[PDB]
Every structure is written in C-alpha cells, then in structure tokens.
$ cat structure38.txt   # compact mmCIF, C-alpha atoms
# COMPACT_ATOMS: atom_id res chain seq x y z
CA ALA A 1 9.42 1.09 -1.44
CA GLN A 2 7.11 3.78 -0.06
CA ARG A 3 5.10 4.20 3.14
CA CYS A 4 1.40 5.10 3.20
CA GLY A 5 -1.63 5.19 5.47
CA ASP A 6 -1.11 6.03 9.14
CA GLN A 7 2.57 5.34 8.47
CA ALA A 8 2.59 8.35 6.15
CA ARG A 9 0.32 10.83 7.94
CA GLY A 10 -2.56 9.39 5.94
CA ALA A 11 -0.72 9.71 2.63
CA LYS A 12 -2.11 7.82 -0.37
CA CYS A 13 -0.18 6.00 -3.10
CA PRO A 14 -0.46 6.28 -6.91
CA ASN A 15 -1.98 3.72 -9.27
CA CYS A 16 -0.37 0.45 -10.36
CA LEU A 17 0.70 0.09 -6.73
CA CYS A 18 -0.63 -1.59 -3.58
CA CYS A 19 -0.78 -0.09 -0.09
CA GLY A 20 -0.19 -2.65 2.64
CA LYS A 21 -2.45 -2.37 5.68
CA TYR A 22 0.80 -1.85 7.59
CA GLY A 23 1.22 1.51 5.90
CA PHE A 24 3.63 -0.07 3.43
CA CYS A 25 3.16 0.61 -0.28
CA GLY A 26 4.86 -1.89 -2.57
CA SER A 27 4.41 -4.21 -5.54
CA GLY A 28 4.16 -7.90 -6.38
CA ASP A 29 1.56 -10.38 -5.17
CA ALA A 30 3.47 -10.38 -1.88
CA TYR A 31 1.82 -7.06 -1.03
CA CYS A 32 -0.88 -6.96 -3.71
CA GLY A 33 -2.30 -10.36 -2.82
CA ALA A 34 -5.41 -10.69 -0.67
CA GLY A 35 -4.36 -10.74 2.98
CA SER A 36 -2.34 -7.57 3.58
CA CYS A 37 -4.00 -5.14 1.18
CA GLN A 38 -5.77 -2.08 2.59
CA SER A 39 -5.47 0.82 0.14
CA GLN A 40 -4.82 1.08 -3.60
CA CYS A 41 -5.90 -2.53 -4.09
CA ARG A 42 -5.49 -2.43 -7.87
CA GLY A 43 -1.76 -2.27 -8.53
CA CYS A 44 0.10 -4.12 -11.27

$ encode --input "structure38.txt" --output "structure tokens"
Amino acid sequence: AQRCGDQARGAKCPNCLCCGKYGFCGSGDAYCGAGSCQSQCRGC
C-alpha cells in the first residue's frame, strides 16, 4: 500500500499499479477498476 497524488506531495506511482483518485496507490480491480482510478490507470 502506497500513497500518491495530493496525498503524496504530487508523487507518482510505478507501472503495474493503480493510483486511486484519493491519493491511494494499490492493486486489484478494487482500485484498478473504473470508478476510483485517477493516475497510473494501467496496473496489473
């Protein structure tokens, strides 16, 4: 579990991961699915 976006001073996340609009970078369709994705919308 890693924080991104405004929740991380505008920090970006690596590939194979999804950055939740709520500055929350995680995995799984739970955060990768369409509805809470903002950045890095191409994770595994």

$ residues_around --input "structure38.txt" --residues "residue 16 in chain A" --least-positions-apart "4" --cutoff "7 Å" --atoms "only C-alpha atoms" --output "JSON, numbers by chain"
{"A": [42, 43, 44]}

$ residues_around --input "structure38.txt" --residues "residue 2 in chain A" --least-positions-apart "3" --cutoff "12 Å" --atoms "only C-alpha atoms" --output "mmCIF file with C-alpha atoms, keeping the file's coordinate frame"
data_model
loop_
_atom_site.group_PDB
_atom_site.id
_atom_site.type_symbol
_atom_site.label_atom_id
_atom_site.label_comp_id
_atom_site.auth_asym_id
_atom_site.auth_seq_id
_atom_site.Cartn_x
_atom_site.Cartn_y
_atom_site.Cartn_z
ATOM 1 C CA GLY A 5 -1.630 5.190 5.470
ATOM 2 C CA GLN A 7 2.570 5.340 8.470
ATOM 3 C CA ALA A 8 2.590 8.350 6.150
ATOM 4 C CA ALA A 11 -0.720 9.710 2.630
ATOM 5 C CA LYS A 12 -2.110 7.820 -0.370
ATOM 6 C CA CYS A 13 -0.180 6.000 -3.100
ATOM 7 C CA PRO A 14 -0.460 6.280 -6.910
ATOM 8 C CA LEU A 17 0.700 0.090 -6.730
ATOM 9 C CA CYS A 18 -0.630 -1.590 -3.580
ATOM 10 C CA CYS A 19 -0.780 -0.090 -0.090
ATOM 11 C CA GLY A 20 -0.190 -2.650 2.640
ATOM 12 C CA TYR A 22 0.800 -1.850 7.590
ATOM 13 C CA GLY A 23 1.220 1.510 5.900
ATOM 14 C CA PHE A 24 3.630 -0.070 3.430
ATOM 15 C CA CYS A 25 3.160 0.610 -0.280
ATOM 16 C CA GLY A 26 4.860 -1.890 -2.570
ATOM 17 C CA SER A 27 4.410 -4.210 -5.540
#

$ atom_distance --input "structure38.txt" --atom1 "CA of residue 34 in chain A" --atom2 "CA of residue 10 in chain A"
21.3 Å

$ atom_distance --input "structure38.txt" --atom1 "CA of residue 40 in chain A" --atom2 "CA of residue 4 in chain A"
10.1 Å

$ build_atoms --input "structure38.txt" --residues "range 14-34 of chain A" --atoms "N, CA, C and O atoms" --output "tab-separated table (two decimals), in the frame of the given file"
chain	number	residue	atom	x	y	z
A	14	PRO	N	0.01	6.19	-5.52
A	14	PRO	CA	-0.46	6.28	-6.91
A	14	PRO	C	-1.04	4.96	-7.40
A	14	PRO	O	-1.17	4.00	-6.64
A	15	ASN	N	-1.41	4.92	-8.68
A	15	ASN	CA	-1.98	3.72	-9.27
A	15	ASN	C	-0.89	2.71	-9.62
A	15	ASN	O	0.30	3.01	-9.54
A	16	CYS	N	-1.31	1.51	-10.00
A	16	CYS	CA	-0.37	0.45	-10.36
A	16	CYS	C	0.44	0.01	-9.15
A	16	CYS	O	1.44	-0.70	-9.28
A	17	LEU	N	0.01	0.44	-7.97
A	17	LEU	CA	0.70	0.09	-6.73
A	17	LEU	C	-0.29	-0.37	-5.66
A	17	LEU	O	-1.49	-0.08	-5.75
A	18	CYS	N	0.21	-1.09	-4.66
A	18	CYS	CA	-0.63	-1.59	-3.58
A	18	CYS	C	-0.16	-1.06	-2.23
A	18	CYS	O	1.04	-1.05	-1.94
A	19	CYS	N	-1.10	-0.62	-1.41
A	19	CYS	CA	-0.78	-0.09	-0.09
A	19	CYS	C	-1.07	-1.11	1.00
A	19	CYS	O	-2.23	-1.41	1.29
A	20	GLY	N	-0.02	-1.66	1.59
A	20	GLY	CA	-0.19	-2.65	2.64
A	20	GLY	C	-0.83	-2.07	3.89
A	20	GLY	O	-0.49	-0.96	4.31
A	21	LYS	N	-1.75	-2.82	4.47
A	21	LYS	CA	-2.45	-2.37	5.68
A	21	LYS	C	-1.46	-1.80	6.69
A	21	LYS	O	-1.80	-0.91	7.47
A	22	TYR	N	-0.24	-2.31	6.68
A	22	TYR	CA	0.80	-1.85	7.59
A	22	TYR	C	1.48	-0.59	7.06
A	22	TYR	O	2.69	-0.41	7.20
A	23	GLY	N	0.69	0.28	6.45
A	23	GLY	CA	1.22	1.51	5.90
A	23	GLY	C	2.48	1.29	5.09
A	23	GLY	O	3.45	2.04	5.21
A	24	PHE	N	2.47	0.25	4.26
A	24	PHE	CA	3.63	-0.07	3.43
A	24	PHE	C	3.21	-0.29	1.98
A	24	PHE	O	2.62	-1.32	1.63
A	25	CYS	N	3.51	0.69	1.13
A	25	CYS	CA	3.16	0.61	-0.28
A	25	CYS	C	4.26	-0.09	-1.08
A	25	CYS	O	5.42	0.33	-1.05
A	26	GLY	N	3.89	-1.15	-1.78
A	26	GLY	CA	4.86	-1.89	-2.57
A	26	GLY	C	4.24	-2.51	-3.81
A	26	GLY	O	3.20	-2.06	-4.28
A	27	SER	N	4.90	-3.54	-4.34
A	27	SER	CA	4.41	-4.21	-5.54
A	27	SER	C	4.46	-5.73	-5.37
A	27	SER	O	4.77	-6.23	-4.29
A	28	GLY	N	4.14	-6.45	-6.44
A	28	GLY	CA	4.16	-7.90	-6.38
A	28	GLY	C	2.99	-8.46	-5.61
A	28	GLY	O	2.38	-7.76	-4.79
A	29	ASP	N	2.66	-9.73	-5.86
A	29	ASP	CA	1.56	-10.38	-5.17
A	29	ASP	C	1.82	-10.48	-3.67
A	29	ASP	O	0.90	-10.70	-2.88
A	30	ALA	N	3.08	-10.31	-3.29
A	30	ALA	CA	3.47	-10.38	-1.88
A	30	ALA	C	2.76	-9.30	-1.07
A	30	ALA	O	2.46	-9.50	0.11
A	31	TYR	N	2.49	-8.16	-1.70
A	31	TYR	CA	1.82	-7.06	-1.03
A	31	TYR	C	0.49	-6.73	-1.72
A	31	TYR	O	-0.37	-6.07	-1.14
A	32	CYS	N	0.34	-7.20	-2.95
A	32	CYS	CA	-0.88	-6.96	-3.71
A	32	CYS	C	-1.90	-8.07	-3.47
A	32	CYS	O	-3.10	-7.86	-3.63
A	33	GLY	N	-1.41	-9.24	-3.08
A	33	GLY	CA	-2.30	-10.36	-2.82
A	33	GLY	C	-3.31	-10.06	-1.74
A	33	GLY	O	-3.16	-9.10	-0.98
A	34	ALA	N	-4.36	-10.88	-1.66
A	34	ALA	CA	-5.41	-10.69	-0.67
A	34	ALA	C	-4.97	-11.23	0.69
A	34	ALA	O	-4.82	-12.44	0.87
